[PDB]
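Asks:
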Amino acid sequence: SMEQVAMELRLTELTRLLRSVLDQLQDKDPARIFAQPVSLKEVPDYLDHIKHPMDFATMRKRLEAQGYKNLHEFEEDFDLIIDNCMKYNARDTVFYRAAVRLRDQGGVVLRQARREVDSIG
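In the working numbering, the protein residues as written are 3 to 123.
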């Protein structure tokens with residue numbers, strides 16, 4: 003149908019905007035602490051602690067398969083990155099501190115992304 007195509011064009015455009023959001027958020031992690039999944043070879047007990055692991059590479063695979071239907075789903079995944087880190091790592095660690103800084107800096111980006119998603123529809 004023509005409606006299915008119109009819907010697919012909107013998804014494609016949301017995908018374009020989320021890719022730009024993803025790039026901007028990932029720049030706020032210049033240490034690349036959150037770039038890849040936590041290694042289960044190197045942290046064998048990780049899944050005993052964290053039930054839903056997340057990282058920027060995993061978000062990028064989902065993104066490129068157009069697997070985010072809306073900004074809320076994308077934010078859920080970004081929040082998992084931060085929140086998992088802040089539970090697994092103590093307050094005095096470079097990892098925890100990196101998550102706090104990512105959260106604080108990403109807030110600004112996400113605030114305008116919401117306005118754009120609503121605005122462009």
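Using N, Cα and C, we set each Cβ at its ideal position, and we do this for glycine too.
#1: Have a look at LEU13, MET4, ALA8 and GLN6 and flag the residue whose alpha-carbon is nearest the alpha-carbon of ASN72.
#2: If you reduce the DSSP assignment to three classes, tell me which class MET4 lands in.
#3: Exposed or buried, what is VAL7 when buried is set at 16 or more other beta-carbons lying within 10 Å of its beta-carbon?
#4: For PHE97, report the span of its alpha helix (DSSP H) as first-last.
#5: Taking 8 Å as the threshold (C-beta atoms), are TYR90 and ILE35 in contact?
#6: My output table needs one value for residue 132: the three-state DSSP class, helix, strand or coil.
#7: Given a cut-off of 8 Å on the beta-carbon distance, is the pair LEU24 and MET61 in contact?
#8: Could you compute how far the alpha carbon of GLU15 sits from the alpha carbon of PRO55?
Replies: Reading it off the structure:
#1: Closest option to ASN72, Cα to Cα, is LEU13.
#2: helix
#3: Exposed is the call here.
#4: Looking at the DSSP string, the run of the alpha helix (DSSP H) that includes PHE97 is 96-122.
#5: no
#6: The first residue shown for the chain is 3 and the last is 123, placing residue 132 beyond what the model contains.
#7: In this structure, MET61 lies closer than 8 Å to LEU24 by Cβ.
#8: 27 Å
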